[PDB]
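Single-structure report; data block below.
We count ligands from 1, going down the list as the structure has it; atoms in each ligand are counted the same way. Start at 1 with the first residue, then count along the sequence.
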Amino acid sequence: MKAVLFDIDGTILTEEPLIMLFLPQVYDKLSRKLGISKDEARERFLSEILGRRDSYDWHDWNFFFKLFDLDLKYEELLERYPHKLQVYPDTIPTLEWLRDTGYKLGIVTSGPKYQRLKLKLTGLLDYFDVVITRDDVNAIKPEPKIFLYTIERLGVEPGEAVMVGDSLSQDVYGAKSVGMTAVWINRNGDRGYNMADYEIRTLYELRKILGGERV
Ligand SMILES: [Mg+2]
């Protein structure tokens, strides 16, 4: 192997604490705006998200803010509350080890350009040789172009790359479809459907999968 590619959300960090902080503010603003209760605003907001799953737009918080004409920008929430982005303890030792060993490191994410800001705010950005978001290729995983553009920029072949992520449909199916090795990270005891090449609970497990040999 010559390169390891990473998903962001649920893989190297989680934005769930930020979500828990801003969702009540969304429900408040939605309630004010539409003349409905906060509980009904919650229903409408979450319903719209559910209705958009498996689509391009599902991946962008700003899409949902804009859809309801709310006075919120996800970039501003990120800048204001960066401590609500939680980096998993297994992330930095693994990136350090991979970088030192000579592996090229990439990001492949279906989220929009603010995904790069998330990496900067969590001190993760500089580990990666290339970072590709939905907004860079106008596509989402598992579309082949988002994977292929990333490895093109890294200068490696698909068979020389490993993809690591927490989505069976985006990450595992997407990576395998273009000839990469696919690792599924399963932090919460979910069902794997017998798909990925490897299934791990933390990124520390990549050491025993890849071996210690320098690239
Ligand atoms: Mg993910």
Practice item. Give the atom name of whichever N/O/S atom in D7 sits closest to the Mg ion (ligand 1). Key: OD2
**Study point:** Distance-only donor-acceptor check, side chains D135 and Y114, under 3.5 Å
**Key:** no
Review point. Can you tell me the N, O or S atom of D9 that's nearest the Mg ion (ligand 1)?
Key: O
**Study point:** Atom name of the N, O or S atom in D166 that lies nearest to the Mg ion (ligand 1)
**Key:** OD1
**Study point:** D171 near the Mg ion (ligand 1): N/O/S under 2.8 Å
**Key:** no
Practice item. Pick out which of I49, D39, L34 makes a side-chain contact (heavy atoms from CB on, under 4.5 Å) with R44. Key: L34
Check your understanding: Among side-chain atoms of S31 and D28, is any donor-acceptor pair under 3.5 angstrom?
Key -> no
Study note, to complete from the structure: Closest non-hydrogen atoms of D7 and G165, given as atom of the first, atom of the second and distance, are CB-CA, 3.6 Å
